[PDB]
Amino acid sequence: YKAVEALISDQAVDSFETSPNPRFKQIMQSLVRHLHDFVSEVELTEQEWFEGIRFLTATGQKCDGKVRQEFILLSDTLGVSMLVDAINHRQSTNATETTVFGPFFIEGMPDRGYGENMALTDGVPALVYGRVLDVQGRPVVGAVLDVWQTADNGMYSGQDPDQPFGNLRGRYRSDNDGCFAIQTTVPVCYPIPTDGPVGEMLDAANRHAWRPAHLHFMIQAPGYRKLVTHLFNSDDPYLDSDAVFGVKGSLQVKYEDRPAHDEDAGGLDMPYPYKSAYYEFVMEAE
């Protein structure tokens, strides 16, 4: 006070001087200084400290071997996961912006044909179509687009093991002109889990637990850097308030109402009036 308090923080930071790995040293000295500056800034009480301890403990304890990672959910809801993803995917070009994966990608889904339907359940029919291009605006041929989205129930198959195998998942490909087309249902918004400590924090914050409606993409092609991103429905009431801060301006796409037999359907002939979202992905060379 203020020498006494400063001396405790110096010793804590200095304790790491000896780490053989200088990156680990770097990280721990930074983390300790920030942690101690936080505690000092707010003048954390002992009772508040006990709350932080009970909360962290409960968050770790909510992590099971299996289907629930509450620490990741805490990282997501405090914006750390999206910050980390941006830092590691910095871009100066017009390449499509990235996002986290989320926890819901599944390996070994069906390779689907151009315009193939992946919606095996009820929903509002949609055609999601567009191109995969390079930064010069030329088509990337044979790119692979792995896509996944929740059902109407706000569950991914088989996060929800009751949905059919491969439902609302598929691996599609861009054609000779870089065009792709996916038949699906309009994605719907869904809440993140709130039955753990993260739900308590969101409740105390008066924050809702919703994600805006989205479609997940992972796009790969020889010569290009892997792209993992989301396309978010333009109209979604949660676009400005994504619980995990996934939304970026350029990843929004409008689901337009189109006439039956619209001529601008990537060569498909749609039998009824339908919803359509058009998007051009831009990939970075490697």
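The first residue of the shown sequence is 1; numbering continues from there.
Can you let me know which of the two, 211-219 or 104-112, has the higher average C-alpha B-factor in the entry?
The deposited B-factors put 104-112 ahead on the C-alpha mean.
Segment of higher mean CA temperature factor, 201-209 or 132-140:
Stretch with the higher mean C-alpha B-factor: 132-140.
Specify which of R54, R33, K62, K248 carries the largest Cα B factor in the deposited PDB entry.
Each of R54, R33, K62, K248 was compared by C-alpha B-factor; the highest is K62.
Top Cα B factor in the deposited entry, candidates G178, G170, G154, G79
The listed residue with the largest C-alpha B-factor is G154.
Which third, lowest, middle or highest, does the C-alpha temperature factor of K254 belong to within its own chain?
Answer is middle: the recorded C-alpha B-factor places it there.
Cα B factor band for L268 (lowest, middle or highest third within the chain)
It belongs to the highest third of the chain when residues are ordered by C-alpha B-factor.
Is the Cα B-factor recorded for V186 in the lowest, middle or highest third of its chain?
Middle third, going by the recorded CA B-factors of the chain.
Looking at the temperature factor on the CA atom of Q11, which third of the chain's modelled residues does it land in?
Lowest third - that is where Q11 ends up once the chain's C-alpha B-factors are sorted.
Could you say whether, by C-alpha temperature factor, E70 belongs to the lowest, middle or highest third of its chain?
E70: CA B-factor falls in the middle third of its chain.
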